[PDB]
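Enquirer:
2 protein chains.
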Amino acid sequence: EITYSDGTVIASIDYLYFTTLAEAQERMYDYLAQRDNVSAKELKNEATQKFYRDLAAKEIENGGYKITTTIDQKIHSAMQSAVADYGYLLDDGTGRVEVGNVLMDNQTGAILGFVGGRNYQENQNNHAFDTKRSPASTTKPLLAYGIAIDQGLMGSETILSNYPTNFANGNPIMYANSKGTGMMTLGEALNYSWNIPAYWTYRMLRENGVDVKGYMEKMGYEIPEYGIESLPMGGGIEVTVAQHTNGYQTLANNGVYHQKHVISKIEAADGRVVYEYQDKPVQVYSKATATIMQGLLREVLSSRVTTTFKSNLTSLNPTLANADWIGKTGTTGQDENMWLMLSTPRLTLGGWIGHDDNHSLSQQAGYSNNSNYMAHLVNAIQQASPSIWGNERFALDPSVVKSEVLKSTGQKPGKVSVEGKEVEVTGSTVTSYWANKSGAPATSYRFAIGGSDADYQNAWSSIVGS
Amino acid sequence: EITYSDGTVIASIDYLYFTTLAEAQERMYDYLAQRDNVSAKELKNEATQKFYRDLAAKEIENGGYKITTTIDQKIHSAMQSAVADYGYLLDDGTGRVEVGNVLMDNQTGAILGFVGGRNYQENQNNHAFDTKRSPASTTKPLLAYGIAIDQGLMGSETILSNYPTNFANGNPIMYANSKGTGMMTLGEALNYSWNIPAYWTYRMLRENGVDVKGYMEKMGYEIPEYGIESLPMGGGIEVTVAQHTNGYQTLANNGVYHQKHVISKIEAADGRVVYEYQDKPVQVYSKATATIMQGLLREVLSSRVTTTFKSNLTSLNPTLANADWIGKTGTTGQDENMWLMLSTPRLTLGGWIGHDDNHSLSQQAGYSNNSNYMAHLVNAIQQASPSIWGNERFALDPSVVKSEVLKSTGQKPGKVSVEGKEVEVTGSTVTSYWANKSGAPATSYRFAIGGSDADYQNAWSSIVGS
Ligand SMILES: *[B-](O)(O)CNC(=O)c1c(OC)cccc1OC
Ligand SMILES: *[B-](O)(O)CNC(=O)c1c(OC)cccc1OC
Ligand SMILES: [Cl-]
Ligand SMILES: [Cl-]
Ligand SMILES: [Cl-]
Ligand SMILES: [Cl-]
Ligand SMILES: [Cl-]
Ligand SMILES: [Cl-]
Ligand SMILES: [Cl-]
Ligand SMILES: [Cl-]
Ligand SMILES: [Cl-]
Ligand SMILES: [Cl-]
Ligand SMILES: [Cl-]
Ligand SMILES: [Cl-]
Ligand SMILES: [Cl-]
Ligand SMILES: [Cl-]
Ligand SMILES: [Cl-]
Ligand SMILES: [Cl-]
Ligand SMILES: [Cl-]
Ligand SMILES: [Cl-]
Ligand SMILES: [Cl-]
Ligand SMILES: [Cl-]
Ligand SMILES: [Cl-]
Ligand SMILES: [Cl-]
Ligand SMILES: [Cl-]
Ligand SMILES: [Cl-]
Ligand SMILES: [Cl-]
Ligand SMILES: [Cl-]
Ligand SMILES: [Cl-]
Ligand SMILES: [Cl-]
Ligand SMILES: [Cl-]
Ligand SMILES: [Cl-]
Ligand code: NA
Ligand code: NA
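Line order of the protein sequences matches chains B and A. Read in order, the letters of the first sequence correspond to residues 107 to 119, 337 to 789 in the deposited numbering. Read in order, the letters of the second sequence correspond to residues 107 to 119, 337 to 789 in the deposited numbering.
Structural data, given as structure tokens:
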């Protein structure tokens, strides 16, 4: 039979059933092929695969295996009741809205609970484990800003260009209906989720030959082509909620990745271990980088620019809203998919909404609807398991380097030549957090990530006038 | 004894007790003085006033009077439970935060319920009816924008200057730490609650000789000096919550004022009517103006720039959050007082928070704390009386005039004299709602409310940009 993590039987041999059943069958496939001495060469034959897949299914059926899952029964039940009771809050006037959520332990990668969809009876597609969609702007902290910080190419108060710029094909890089503004901090870039700063960040990574793919593959992401301008905005990427939750698990867990899983162990009746989850922790980002990103992602939620989440949760459960929440939102180019990823030090909860056929949601479906739904979901989870989110706080690792930098440039105050006239770059300052050894460079002319000659003249006009 | 609106006995002869008792005594005082044929001259004498004041008190105490209040018992009790249960949500790290609320019937001026403070036992000060504080930016819809619209000087998409400008004394007009930006619609001015636009608006009213005082006095505001630069920002105004609620009642009720009251009737034991509230409706703003303002204040709340209220309420009670809420926040110069005024077509709920000794609150006390508290208050009210808020919608009155104007100038497209070459003014347009006969004028060089020559060249720089 299939059990929760506490031995309680889920079933003998709905989303839960079919999902845990499917994972187990995959594990039984590997075991059975190995048992029967099937080489990888013969395992490539498609008729052989169908046989061993059918075999794996019957072994579970007419066999006496104990399948131990990571599922927390109380927490998963409560998530089902939340989507039953509160699912309808997602419906935004563009048809029935589908949903997928995964709740993951940050220290193990274990999946404690999930939401497969609005209602298994009406639609069986598994939106937590099977559906794959662009993660949109939630790509940014992982693939762009996170890597640039880790490479010591950027710190927390570094300045980026959000000046209008075009893709290679002459099209304006857009952010809803805006073609861009001017220079801005990483903080503002993340809080608003502007697109141009992420484009430049990724361009810079390519220019420095960074092994971006090495980072992503260490987190289990399969991206077929890295040579894409809109990659950091989610272009050319498609992920399940379970896999993408694993990325945010990595950032939340001070940069150490643990592979997601639902099955922890399968035993024969007599105790033989057919399968057991083996942990393989990987330091994907430096502790400095991850803890710096946590600080930035904390302000993403607290600024409330792209999500009402903290307001929604404050009202439902103000004590829970005082835990140390960080998170990032995502919106695809036509409002086809909305993401909201949330973490406390203990747990990450991933969330996607969208339509199965990929037509648009409303403009506010992620900002308001999904944020409100996920507040209910977070509150249901806590009510069922009152300690599970924890009261720990995210905190800068000691290894973090702090520089005093000029707010205007994001770099150390000093002299720079602005068209002939060697100039004293003065003015008010902030602490910038870096994940290298030396911190922030002295100010340069091209002080920002990205920007055209025209842009930099314009910016320096402003700066120079004070 | 004193009774609820339905005749149920409140008490025989704690905020509720002393409030209804004190109002009843003022009424008995008037009645007794006239009964005894005391002259207006004689009633100026201080010893005579005191005797009649004492007389009015004992008359109630000993007599067999029946005082009929407007108070709704279920609603008032539920408001007290909310402040008892949820008042702590106001505490923001600047010490114990005090509070006053008044719930008013928009069609009658009757007060259904109120919150005098956090806890009468601990602090007897009545923050609904007694204490007077600057209403800050909740002054703007009433005294500046409202009047300019009624006077046919402004419409809903009219443009205003938020360019830096100084008071007469040379100090910058501030908005938090901003000295201003550029031109902006009335909508954006209202959603953000910028200060400079209101300054210019009131200046314009002065220049036009508008009887501003006549309006405010018809709503029962007592402002001793109108010649004040910061009046439209709440400088030189101090008001009770009950009185200010009456101002928002006026806007909500399509421009028609009804005097606030808690006492509807006082009867001698034998049936003689000692006092009876007499309704005297007044059309303060035209129906056009008021319904245009309603539309603007709907977006103040829905934009969520200065209050999280709509998010807070959506999570508590999504069906109530779909009623037609409009409102305005306010914040005094040093964060000493926060206001949030809310209306549906049926009710108006005013709220203030602050400290008895007038020291600062936190930056977010109004934006988040008071908004969350008031969402709980509003929800408590609805639970106690499920239909009281109504599902009616605010709607433009038919007498409203609609003009197509340039998004850029807020005036009708046309040729203009731009410091040299006559220019054909083109570009995207919108509907602008006016309360006059002829709607928006054709574009003129000085198209916005306020702005220096310097400002106007700069603006026309961009507009002439296309
Ligand atoms: B990211 O997915 O948050 C970038 N977001 C957007 O580009 C975006 C959008 O694109 C069509 C539409 C509305 C809001 C957006 O981001 C706030
Ligand atoms: B009005 O009271 O809304 C004008 N508001 C402000 O000036 C204000 C402020 O001044 C101390 C500080 C923070 C936020 C404000 O309003 C948005
Ligand atoms: Cl399920
Ligand atoms: Cl499934
Ligand atoms: Cl369990
Ligand atoms: Cl997609
Ligand atoms: Cl394109
Ligand atoms: Cl790569
Ligand atoms: Cl993937
Ligand atoms: Cl590549
Ligand atoms: Cl698994
Ligand atoms: Cl490290
Ligand atoms: Cl917060
Ligand atoms: Cl919000
Ligand atoms: Cl669909
Ligand atoms: Cl330094
Ligand atoms: Cl270094
Ligand atoms: Cl350079
Ligand atoms: Cl760069
Ligand atoms: Cl009371
Ligand atoms: Cl009653
Ligand atoms: Cl006047
Ligand atoms: Cl007054
Ligand atoms: Cl005057
Ligand atoms: Cl009264
Ligand atoms: Cl009598
Ligand atoms: Cl009228
Ligand atoms: Cl809304
Ligand atoms: Cl005090
Ligand atoms: Cl017109
Ligand atoms: Cl007219
Ligand atoms: Cl000038
Ligand atoms: Na987003
Ligand atoms: Na305000």
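Just so you know, even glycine gets a beta-carbon here, dropped at the ideal spot from N, CA and C.
Residues of the stretch 615-640 of chain B in Cβ contact with chain A at a cutoff of 8 Å, in chain order, please.
Expert: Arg-627, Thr-631, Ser-634, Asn-635, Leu-636, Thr-637, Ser-638, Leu-639
Enquirer: Any heavy atom of ligand 2 closer than 7 Å to the beta-carbon of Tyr-498 of chain A?
Expert: yes
Enquirer: With 8 Å as the limit, tell me which residues of the stretch 640-651 of chain A have their beta carbon closer than that to any beta carbon of chain B; keep them in chain order.
Expert: Listed by position along the chain: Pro-641.
Enquirer: Out of B:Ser-683, B:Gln-617, B:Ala-512, point me to the one whose CA is closest to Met-664 of chain B's CA.
Expert: Nearest option by C-alpha distance: B:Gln-617.
Enquirer: Just to confirm, is the Cβ distance from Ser-755 of chain A to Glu-480 of chain A under 8 Å?
Expert: yes
Enquirer: Note down, in chain order, every chain A residue with its Cβ under 8 Å from the Cβ of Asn-693 of chain B.
Expert: In chain order: nothing, as chain A lies at least about 12 Å away.
Enquirer: Which first and last residues belong to the alpha helix (DSSP H) in which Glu-742 of chain B is found?
Expert: Counting along the chain, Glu-742 of chain B falls outside any alpha helix (DSSP H), and DSSP gives it neither H nor E.
Enquirer: Considering only their Cβ atoms, is the gap separating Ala-451 of chain B from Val-115 of chain B smaller than 8 Å?
Expert: no
Enquirer: What is the DSSP secondary structure of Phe-770 of chain A, counted as helix, strand or coil?
Expert: Here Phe-770 of chain A sits in coil by DSSP.
Enquirer: Have a look at B:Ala-356, B:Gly-410, B:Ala-771, B:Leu-465 and flag the residue whose alpha-carbon is nearest the alpha-carbon of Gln-572 of chain B.
Expert: B:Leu-465
Enquirer: Indicate whether at least one CB of chain B lies closer than 8 Å to the CB of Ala-703 of chain A.
Expert: no
Enquirer: Starting from the Cα of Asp-602 of chain B, find the closest Cα among B:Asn-645, B:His-581, B:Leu-700, B:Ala-592 and give me that residue.
Expert: B:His-581
Enquirer: Is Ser-457 of chain B near ligand 6, in the sense that its beta carbon is under 7 Å from a heavy atom of that ligand?
Expert: Indeed, a heavy atom of ligand 6 lies less than 7 Å from the Cβ.
Enquirer: Can you name the residues of chain A whose CB is closer than 7 Å to the CB of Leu-412 of chain B?
Expert: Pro-641
Enquirer: Interface residues of chain B around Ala-698 of chain A at Cβ under 8 Å?
Expert: What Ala-698 of chain A touches in chain B: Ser-638.
Enquirer: When we look at the beta-carbon of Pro-458 of chain B and count the other beta-carbons within 10 Å, is it buried (16 or more) or exposed?
Expert: For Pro-458 of chain B, the number of other beta carbons within 10 angstroms of its own is at least 16, and it is reported as buried.
Enquirer: Pull up the distance between the alpha-carbon of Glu-545 of chain B and that of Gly-677 of chain B, whole angstroms please.
Expert: 21 Å
Enquirer: Return yes when the Cβ of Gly-503 of chain B is within less than 8 Å of the Cβ of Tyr-522 of chain B, no when it is not.
Expert: Contact flag unset, no.
Enquirer: Report yes if the CB atom of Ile-615 of chain A is closer than 8 Å to the CB atom of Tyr-600 of chain A, and no otherwise.
Expert: no
Enquirer: As a quick exercise: from B:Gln-606, B:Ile-649, B:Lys-541, pick the residue whose alpha carbon is nearest that of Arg-627 of chain B.
Expert: B:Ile-649
Enquirer: Do the stretch 755-775 of chain B and the stretch 725-737 of chain B make contact, defined as three or more Cβ pairs closer than 8 Å?
Expert: yes
Enquirer: Given a threshold of 16 other Cβ atoms within 10 Å of its Cβ, counted over all protein chains shown, does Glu-346 of chain A qualify as buried or as exposed?
Expert: buried
Enquirer: Give a yes or no on whether the C-beta atoms belonging to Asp-415 of chain A and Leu-684 of chain A are separated by under 8 Å.
Expert: yes
Enquirer: Leaving out five residues on either side along the sequence, give the residues of the same chain with a beta carbon under 8 Å from the beta carbon of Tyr-340 of chain B.
Expert: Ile-108, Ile-116, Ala-117
Enquirer: DSSP three-state call for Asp-428 of chain A: helix, strand or coil?
Expert: DSSP places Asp-428 of chain A in the strand class (E or B) of the three-state scheme.
Enquirer: Keeping to the same chain, check which residues put their C-beta closer than 6 Å to that of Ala-405 of chain A; ignore five residues upstream and five downstream.
Expert: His-699, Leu-700, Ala-703
Enquirer: Suppose you measure from the CA of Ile-482 of chain B to the CA of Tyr-779 of chain B; what does that come to, to the nearest Å?
Expert: 12 Å
Enquirer: Between the C-alpha atoms of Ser-691 of chain A and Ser-609 of chain B, what's the straight-line distance to the nearest angstrom?
Expert: 35 Å
Enquirer: If I'm right that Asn-514 of chain A touches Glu-622 of chain A with Cβ under 8 Å, what's the distance once you round it to whole angstroms?
Expert: Contact between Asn-514 of chain A and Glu-622 of chain A holds, with the beta-carbon distance rounding to 6 Å and staying under 8 Å.
Enquirer: Cβ-heavy atom distance between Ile-772 of chain B and ligand 19 below 7 Å?
Expert: yes
Enquirer: Does the separation of the CB atoms of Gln-474 of chain A and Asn-531 of chain A fall below 8 Å?
Expert: yes
Enquirer: Hey, quick one: how far does the beta strand (DSSP E) through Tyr-598 of chain B stretch, first residue to last?
Expert: 596-599
Enquirer: Say yes only if the C-beta of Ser-761 of chain A is nearer than 7 Å to one or more non-hydrogen atoms of ligand 31, and no if none qualify.
Expert: yes
Enquirer: For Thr-417 of chain B and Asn-681 of chain B, I'd like the C-alpha separation in whole angstroms.
Expert: Rounded to whole angstroms, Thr-417 of chain B and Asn-681 of chain B show a C-alpha spacing of 11 Å.
Enquirer: Cutting at 6 Å between CB atoms, please list the residues of its own chain near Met-697 of chain A, excluding the five before and the five after it.
Expert: Answer for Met-697 of chain A: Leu-663, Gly-674, listed in chain order.
Enquirer: Should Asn-577 of chain B be counted as a contact of ligand 6 given a C-beta to heavy atom distance under 7 Å?
Expert: Not under cutoff, so the answer is no.
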